[PDB]
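Given as structure tokens, the chain that follows is alone and in the form deposited in one PDB entry.
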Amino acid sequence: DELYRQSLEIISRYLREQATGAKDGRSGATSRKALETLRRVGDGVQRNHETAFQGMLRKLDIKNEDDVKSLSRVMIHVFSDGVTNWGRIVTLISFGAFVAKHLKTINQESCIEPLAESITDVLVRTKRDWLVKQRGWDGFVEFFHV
């Protein structure tokens, strides 16, 4: 599953670098651009909607691996409610980045990569055909061009 692998590489690297605060495959030229667009818009979403992120994180009260595992139910539910668009995908991944920052903070960084997997599973498995139509991460980068 190439679309899956690439999405996980992107989502994993963004989450990892955001938590660690230090930068780290196929279709890599696209992935570097996707990762570049993500740092830019993903960071914007996290700053401008920080109170909502803090509130959601707090309510979630993630303390361990079973709390991360529990995240997927809320994730699939609320992420699937609105109409499919890249802005919703950025909210999904961005909040993931937020959670990744929290995990590292509380010494649960080993849960980060699995978290990126939960996220990539929701994104790709529920929006697979839409992504295909949008030409994957090329559509992503295209949509946010500045």
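The first residue of the shown sequence is 1; numbering continues from there. By rigid core we mean the largest C-alpha set that fits within 1.5 Å across both forms.
Chemist: According to the entry, how many residues of the deposited sequence fall between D24 and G25 and are not modelled? Options: none, 1 to 3, 4 to 9, 10 or more.
Modeler: 4 to 9 residues are missing.
Chemist: Can you let me know which of the two, 131-139 or 118-126, has the higher average C-alpha B-factor in the entry?
Modeler: On average, C-alpha B-factors are higher across 131-139.
Chemist: Looking at the entry, does 48-56 or 27-35 show the higher mean C-alpha B-factor?
Modeler: Result of the comparison: 27-35.
Chemist: Consider only the C-alpha atoms of the modelled residues in this chain, order them by B-factor as the entry records it, and name the third containing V68: lowest, middle or highest.
Modeler: Its C-alpha B-factor belongs to the middle third of this chain's values.
Chemist: If you rank the chain by CA B-factor, which third does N107 end up in: lowest, middle or highest?
Modeler: CA B-factor rank for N107: highest third.
Chemist: Ranked by Cα temperature factor within the chain, is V83 in the lowest third, the middle third or the highest third?
Modeler: Highest third - that is where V83 ends up once the chain's C-alpha B-factors are sorted.
Another form exists, deposited in another entry; not displayed. Remarks below refer to it.
Chemist: With the two forms aligned on their rigid core, point out which item of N85, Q54, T105, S110 shifts its C-alpha by 2 Å or more between this form and the one not shown.
Modeler: Result of the superposition: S110 is the only one at 2 Å or more.
Chemist: Rigid core fitted, is the C-alpha displacement of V68 between this form and the one not shown 2 Å or more?
Modeler: It does shift by 2 Å or more.
Chemist: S94 and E65: their C-alpha distance differs by 3 angstroms or more in that other deposited form. Do they come closer or move farther apart compared with the shown form?
Modeler: Compared with the shown chain, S94-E65 is closer in that other deposited form.
Chemist: Would you mind telling me if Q6 and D66 are closer or farther apart in that other deposited form than in the shown form, C-alpha to C-alpha, with a 3 Å or larger change?
Modeler: Relative to this form, closer in that other deposited form.
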